[PDB]
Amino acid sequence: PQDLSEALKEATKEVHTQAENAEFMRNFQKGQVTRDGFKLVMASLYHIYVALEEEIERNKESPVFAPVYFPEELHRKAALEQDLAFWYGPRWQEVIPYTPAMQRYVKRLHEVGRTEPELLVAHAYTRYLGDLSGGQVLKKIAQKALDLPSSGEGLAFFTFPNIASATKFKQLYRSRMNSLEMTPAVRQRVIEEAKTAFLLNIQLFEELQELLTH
């Protein structure tokens, strides 16, 4: 559907729904999340965002990504470092898990950023705007399900400090993404990569649930 954002929304409708219906995610949404479950999602995000930001930095000047380069408004690496220090302690870096599901997500991010940068937009869009859009709801759900201590740390990931209005930001981001010049072949691959992004998350949810039970 003409605008890239709309074509993405239509093509990923099924996989997006499946991501929401995935047991671990479905449960998180229903308020059924444990401290162990929550810590794993946080470790996962840390790995994903380290990888994504590394590739964004490498391709920030390229006309195939520049329009969507918003370093100050969206970077999450530092927020996640801050959160992990609280969830895993001062030695979090050497104690956080790094499972195969997380590894294959990181792997794809690096493949894209290194050889197919024109597809990096698909991951940035789905990861950043998805996290930005549902951050406030999952934050609250976690607050009452986790029963955190009043130490003012651990949930910075859910707050984008340099974005005053999420609604106006997403509008600017969408406009910038729709502004990208793409040949027919390029576009179809970006759409396919968007599906890939949702599928990597769905596989991650499956593994996290598996680790919790077993």
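Note that the rigid core is defined as the largest set of C-alphas that superpose within 1.5 Å between two forms. All residue numbers are counted from 1 along the displayed sequence.
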Higher C-alpha RMS shift from the shown form in 6 other deposited structures of this protein - 59-67 or 25-33, rigid core fit
25-33
Given 132-140 and 80-88, the range whose Cα B-factors average higher in the PDB entry:
132-140
Please compare 28-36 with 61-69 and name the stretch with the higher mean C-alpha B-factor in the deposited structure.
28-36
So among 162, 150, 44, 175, who wins on Cα B-factor in the entry?
150
Using the entry's values, work out which of 146, 155, 56, 48 has the largest Cα B factor.
146
Looking at the entry's B-factor column for C-alpha atoms only, identify whether residue 11 ranks in the lowest, middle or highest third of its chain.
highest
Looking at the C-alpha B-factor of residue 112, is it in the lowest, middle or highest third of its chain?
middle
Going by what the PDB entry lists, where does residue 96 fall on CA B-factor within its chain: lowest, middle or highest third?
middle
